[PDB]
Amino acid sequence: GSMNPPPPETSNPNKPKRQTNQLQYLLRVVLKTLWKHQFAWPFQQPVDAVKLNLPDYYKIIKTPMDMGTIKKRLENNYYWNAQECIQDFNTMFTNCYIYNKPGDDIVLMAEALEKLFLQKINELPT
Ligand SMILES: C[C@@H]1CN(S(C)(=O)=O)CCN1Cc1cc2c(=O)n(C)cc(-c3nc(Cl)cn3CC3CCOCC3)c2o1
């Protein structure tokens, strides 16, 4: 092993494939808008604690999450419901805010993405 955990699962081979209009919105509106933002890149994959030499990251973070994982989960129809996906986004942001120093560039980047996320979730269809 290494400092890095195995990445979260991204497919569920034993569930039915079922869309919902909220899951469609989460992929086509929410994820796609965040993914293309200029500050998305540090959130597009799991934190590589080995490469970045962050021995405490996965000691502090209990539930790793990132937008690459979320994207794959949505594209693979991993989620049974939209609330599971919203929870993953929230976990990603929480991880960033509880680990990092408040003034740091990475927290400014997270905040820009989070504002966008929360605005799109305010417009989540019924
Ligand atoms: C190496 C960084 C340096 N930054 S800083 C001073 O803000 O530039 C402090 C954090 N530290 C560890 C860390 C944490 C972290 C993270 O939560 N997340 C979510 C991501 C990263 C991360 N993933 C990649 Cl890929 C690069 N980085 C570092 C960021 C940093 C901001 O500028 C964009 C690149 C990540 O790294």
Side-chain angles (χ1 to χ4, degrees):
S2 72
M3 294 175 187
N4 293 334
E9 296 188 12
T10 55
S11 60
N12 181 344
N14 300 293
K15 74 169 282 297
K17 289 313 176 183
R18 291 183 176 162
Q19 288 292 155
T20 70
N21 71 307
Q22 291 187 337
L23 282 168
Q24 291 279 23
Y25 181 89
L26 281 157
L27 178 52
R28 298 173 186 270
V29 175
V30 182
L31 183 282
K32 288 194 186 172
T33 296
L34 271 65
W35 188 267
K36 72 181 186 176
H37 190 272
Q38 60 269 39
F39 294 164
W41 64 271
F43 303 92
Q44 285 178 340
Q45 62 286 310
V47 171
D48 187 340
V50 172
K51 186 183 177 70
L52 293 170
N53 195 23
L54 307 180
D56 296 320
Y57 185 86
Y58 289 111
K59 300 183 179 179
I60 295 166
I61 290 331
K62 304 297 178 214
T63 306
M65 191 49 56
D66 66 279
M67 294 201 299
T69 296
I70 295 166
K71 179 173 187 288
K72 288 170 179 176
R73 283 179 176 195
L74 286 163
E75 288 168 341
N76 292 337
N77 200 59
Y78 176 89
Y79 302 113
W80 296 86
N81 68 67
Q83 293 296 330
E84 291 184 281
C85 175
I86 292 167
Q87 177 179 19
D88 283 349
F89 276 108
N90 285 324
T91 297
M92 178 185 78
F93 291 120
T94 295
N95 290 348
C96 189
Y97 295 129
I98 72 169
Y99 175 80
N100 289 291
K101 302 183 177 60
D104 275 7
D105 274 358
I106 186 60
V107 170
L108 289 176
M109 296 172 87
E111 183 180 34
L113 299 168
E114 192 190 18
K115 292 296 189 182
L116 188 50
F117 169 70
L118 292 170
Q119 199 278 321
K120 297 303 185 184
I121 295 299
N122 186 76
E123 291 180 348
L124 183 70
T126 303

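Just so it is clear, the values below take in all heavy atoms, side chains as well, and ignore hydrogens, waters and symmetry mates. Residue numbers count from 1 along this sequence.
- Counting all heavy atoms, side chain and backbone alike, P64 lies closest to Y58 at CG-CE2, 3.7 Å.
- Without hydrogens or angle criteria, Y25 side chain to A82 main chain gives no donor-acceptor distance under 3.5 Å.
- Atom NZ of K101 and atom CD1 of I106 lie 12.5 Å apart (nearest 0.5 Å).
- For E84, the CD atom is densely surrounded, since the number of other residues' heavy atoms within 6.0 Å is greater than 12.
- Hydrophobic cluster membership differs between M109 and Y57, with clusters built from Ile, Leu, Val, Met, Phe, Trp and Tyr side chains linked at under 4.5 angstrom.
- In this structure, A112 and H37 approach most closely via the heavy-atom pair CB-CE1, 4.2 Å.
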* Determine, stepwise, if the pair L26 / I86 fulfils side-chain contact (heavy atoms from CB on, under 4.5 Å). => CA-CA 8 Å; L26 281 157; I86 292 167; 3.9 Å; yes
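- In the displayed structure, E9 atom CD is contacted under 6.0 Å by at most 12 heavy atoms of other residues, nucleotides or ligands.
- Scanning both residues, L23 and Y79, for their nearest heavy atoms gives CD1-O, 3.8 Å.
- Looking at heavy atoms from C-beta onward, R73 lies out of side-chain contact with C85 at the 4.5 angstrom threshold.
- Residues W41 and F117 are members of one and the same hydrophobic cluster, defined by side-chain heavy-atom contacts under 4.5 angstrom among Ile, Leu, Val, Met, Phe, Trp and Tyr.
- Linking ILVMFWY side-chain heavy atoms closer than 4.5 Å, directly or via other members, places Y99 and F93 in two distinct hydrophobic clusters.
- Here the closest heavy-atom approach between residue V107 and residue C96 is recorded as CG2-O, 4.4 Å.
- Other residues, nucleotides and ligands place no more than 12 heavy atoms under 6.0 Å from the NZ atom of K115.
- Clustering of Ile, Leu, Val, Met, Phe, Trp and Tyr by side-chain heavy atoms under 4.5 Å joins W80 with none of the others.
- A distance of 4.0 Å separates CD1 in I61 from CG in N95, rounded to the nearest 0.5 Å.
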* **Candidate pair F89 and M67, rule side-chain contact (heavy atoms from CB on, under 4.5 Å), full reasoning** => CA-CA 8 Å; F89 276 108; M67 294 201 299; 4.1 Å; yes
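- Within 6.0 Å of atom NZ in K15, more than 12 heavy atoms from other residues, nucleotides or ligands are found, so the atom counts as buried in its surroundings.
- To the nearest 0.5 Å, the span separating CG on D48 from CG on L54 amounts to 8.5 Å.
- Expressed to the nearest 0.5 Å, how far CD of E114 lies from OG1 of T94 amounts to 7.5 Å.
- Side-chain atoms of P46 and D66, non-hydrogen and from C-beta on, do get closer than 4.5 Å to each other.
- Looking at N81, its side chain does come within 3.5 Å of a backbone N or O of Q83 through a donor-acceptor pair.
- Put simply, CG on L27 and CD1 on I70 are 11.5 Å apart, with the number rounded to the nearest 0.5 Å.
- The line from CZ of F39 to CG of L116 is 12.0 Å long, rounded to the nearest 0.5 Å.
- Residue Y78 is tested with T10, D88, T69, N12 for a side-chain contact (heavy atoms from CB on, under 4.5 Å); the sole match is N12.
- For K17 (side chain) and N76 (main-chain N/O), a donor-acceptor pair under 3.5 Å exists by modelled atom type.
- One hydrophobic cluster holds both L118 and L124 under the rule that ILVMFWY side chains link at heavy-atom gaps under 4.5 Å.
- Between the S11 side chain and the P13 main chain, no donor and acceptor come within less than 3.5 Å of each other.
- Residues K59 and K62 come closest through the heavy atom pair O-NZ, 3.3 Å.
- Within the 4.5 Å cutoff, no side-chain heavy atoms of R28 are placed close to those of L74.
- Hydrophobic clustering, with ILVMFWY side chains joined whenever heavy atoms are under 4.5 angstrom apart, keeps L52 apart from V50.
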